[PDB]
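Engineer: Following this message is one structure expressed as structure tokens.
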Amino acid sequence: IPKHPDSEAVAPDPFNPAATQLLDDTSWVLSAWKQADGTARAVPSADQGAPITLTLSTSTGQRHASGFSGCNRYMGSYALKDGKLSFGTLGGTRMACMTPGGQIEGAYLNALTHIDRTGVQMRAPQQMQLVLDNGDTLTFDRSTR
């Protein structure tokens, strides 16, 4: 039990809202998911065989998100407002990968319905960060190819 660290931090918080209006032709990969209190969940790292990716583009001709979330691909529409990324009716298909990083599709979609906060740093090295209405947190890398 050393001391407290003392106070050596006076500055504004990271990310910026004048960035969540460029979230249209971008792509990002989820690498960590924290719970609202701070429990780092377990997620499929890219070494594990089916990482969690997101792609935003006019890939259908329309503003349609796509990606691989768990071991099942997802899709659906989106919209930009309030410094956040709202989604429409998302969904995917019920394939089976018998894995903890597979079934997490269910949880992941349940976190696309609650976008009450949103972090993006378009400053390189770019890492987006979604936040839920509970306070839960999802750290994404940018992935441009």
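Every chain in the structure tokens has a letter given in the order shown (A, B, ...), and although residue numbers restart at 1 in each chain, ligands are simply numbered from 1 in the order shown.
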Residues of segment 27-104 of chain A in strand (DSSP E) according to DSSP, as a PyMOL selection string?
Structural biologist: chain A and resi 27-34+53-57+64-68+73-81+84-87+91-92
Engineer: If we count only C-alpha atoms and set the cut-off at 9 Å, which residues sit around residue 89 of chain A, ignoring sequence neighbours fewer than 4 positions away in its own chain? Please answer as number ranges by chain.
Structural biologist: A: 75-78
Engineer: Write out as a VMD selection string each polymer residue whose atoms come within 9 Å of segment 12-25 of chain A, counting only C-alpha atoms; drop sequence neighbours fewer than 3 positions from it.
Structural biologist: chain A and resid 55 to 58 63 to 65 78 to 85 118 to 123 128 to 129
Engineer: So that I can see what lies close to residue 33 of chain A, please list as a ChimeraX atom specification the residues with an atom at most 7 Å from it, counting only C-alpha atoms and leaving out residues fewer than 3 positions away in the same chain.
Structural biologist: /A:40-41,137-139
Engineer: Of the candidates A:11, A:96, A:131, A:124, which shows the shortest atom-to-atom distance to residue 112 of chain A, using only C-alpha atoms?
Structural biologist: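 Under the stated criterion, the closest residue is A:131.
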Engineer: Between atom CA of residue 106 of chain A and atom CA of residue 70 of chain A, what distance in Å does the model show, to one decimal?
Structural biologist: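 That distance, rounded to one decimal, is 8.2 Å.
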Engineer: Residue 71 of chain A: which residues within 9 Å, counting only C-alpha atoms, same-chain residues fewer than 4 positions away excluded, as an MDAnalysis selection string?
Structural biologist: chainID A and resid 50:52 95:97 99 101:105
Engineer: Could you write out that same residue set with N, CA, C and O atoms as a compact mmCIF listing (two decimals), in the first residue's frame?
Structural biologist:
# COMPACT_ATOMS: atom_id res chain seq x y z
N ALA A 50 -12.19 -16.41 -36.14
CA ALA A 50 -13.32 -15.64 -36.65
C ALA A 50 -13.48 -14.33 -35.84
O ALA A 50 -14.37 -14.23 -34.99
N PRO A 51 -12.63 -13.32 -36.08
CA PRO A 51 -12.66 -12.05 -35.37
C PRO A 51 -13.91 -11.24 -35.70
O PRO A 51 -14.56 -11.47 -36.73
N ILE A 52 -14.24 -10.27 -34.85
CA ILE A 52 -15.41 -9.42 -34.99
C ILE A 52 -15.04 -8.18 -35.83
O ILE A 52 -14.34 -7.29 -35.35
N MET A 95 -26.25 -19.63 -38.05
CA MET A 95 -25.25 -20.67 -38.22
C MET A 95 -24.72 -21.07 -36.83
O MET A 95 -25.08 -20.43 -35.83
N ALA A 96 -23.91 -22.12 -36.74
CA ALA A 96 -23.44 -22.63 -35.46
C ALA A 96 -21.93 -22.85 -35.50
O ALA A 96 -21.47 -23.57 -36.38
N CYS A 97 -21.17 -22.25 -34.57
CA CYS A 97 -19.73 -22.47 -34.43
C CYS A 97 -19.34 -23.07 -33.08
O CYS A 97 -18.14 -23.13 -32.82
N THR A 99 -18.86 -22.29 -30.02
CA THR A 99 -17.72 -21.55 -29.48
C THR A 99 -18.22 -20.34 -28.68
O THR A 99 -19.29 -19.80 -28.98
N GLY A 101 -16.69 -17.32 -28.74
CA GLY A 101 -16.60 -16.23 -29.68
C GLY A 101 -17.57 -16.41 -30.84
O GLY A 101 -17.65 -15.51 -31.65
N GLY A 102 -18.32 -17.52 -30.94
CA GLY A 102 -19.40 -17.67 -31.90
C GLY A 102 -20.70 -17.10 -31.38
O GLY A 102 -21.25 -16.17 -31.98
N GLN A 103 -21.21 -17.63 -30.26
CA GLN A 103 -22.54 -17.26 -29.76
C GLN A 103 -22.65 -15.79 -29.37
O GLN A 103 -23.76 -15.28 -29.23
N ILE A 104 -21.52 -15.12 -29.16
CA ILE A 104 -21.48 -13.72 -28.75
C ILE A 104 -22.14 -12.80 -29.80
O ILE A 104 -22.41 -11.64 -29.48
N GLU A 105 -22.51 -13.31 -30.99
CA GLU A 105 -23.45 -12.65 -31.91
C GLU A 105 -24.67 -12.11 -31.15
O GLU A 105 -25.02 -10.94 -31.29
Engineer: So how far away is atom CA of residue 34 of chain A from atom CA of residue 130 of chain A, in Å?
Structural biologist: 10.2 Å
Engineer: I need the residue nearest residue 42 of chain A from this list: A:92, A:67, A:100, A:5. Use only C-alpha atoms for the distance.
Structural biologist: A:100
Engineer: So the first atom is atom CA of residue 35 of chain A and the second is atom CA of residue 7 of chain A; what is the distance between them in Å, to one decimal place?
Structural biologist: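 Interatomic distance, atom CA of residue 35 of chain A to atom CA of residue 7 of chain A: 26.4 Å.
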Engineer: Please report, as a ChimeraX atom specification, each residue of segment 45-132 of chain A to which DSSP assigns alpha helix (DSSP H) when run on this structure's backbone.
Structural biologist: /A:100-103,105-110
Engineer: Extract, using only C-alpha atoms, all DNA, RNA and protein residues at most 9 Å from residue 93 of chain A, discarding same-chain residues fewer than 4 positions from it, and format them as a ChimeraX atom specification.
Structural biologist: /A:72-74
Engineer: May I have the residues from that selection written out with N, CA and C atoms, as a compact mmCIF listing (two decimals), in the first residue's frame?
Structural biologist:
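Below you can see part18.txt, which holds the result:
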# COMPACT_ATOMS: atom_id res chain seq x y z
N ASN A 72 -21.12 -15.48 -37.24
CA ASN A 72 -22.30 -15.28 -38.04
C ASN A 72 -22.18 -13.85 -38.53
N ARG A 73 -22.32 -13.65 -39.83
CA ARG A 73 -22.33 -12.32 -40.43
C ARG A 73 -23.64 -11.63 -40.14
N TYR A 74 -23.56 -10.32 -40.01
CA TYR A 74 -24.69 -9.42 -39.79
C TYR A 74 -24.74 -8.35 -40.88
Engineer: May I have the residues within 7 Å of residue 31 of chain A as a PDB file with C-alpha atoms, in the first residue's frame, using only C-alpha atoms and disregarding those fewer than 5 positions away in the same chain?
Structural biologist:
ATOM      1  CA  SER A  45      -8.964 -12.079 -30.931  1.00  0.00           C
ATOM      2  CA  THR A 139     -12.886  -0.567 -28.281  1.00  0.00           C
ATOM      3  CA  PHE A 140     -12.511  -0.924 -32.066  1.00  0.00           C
ATOM      4  CA  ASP A 141      -9.420  -0.530 -34.229  1.00  0.00           C
TER       5      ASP A 141
END
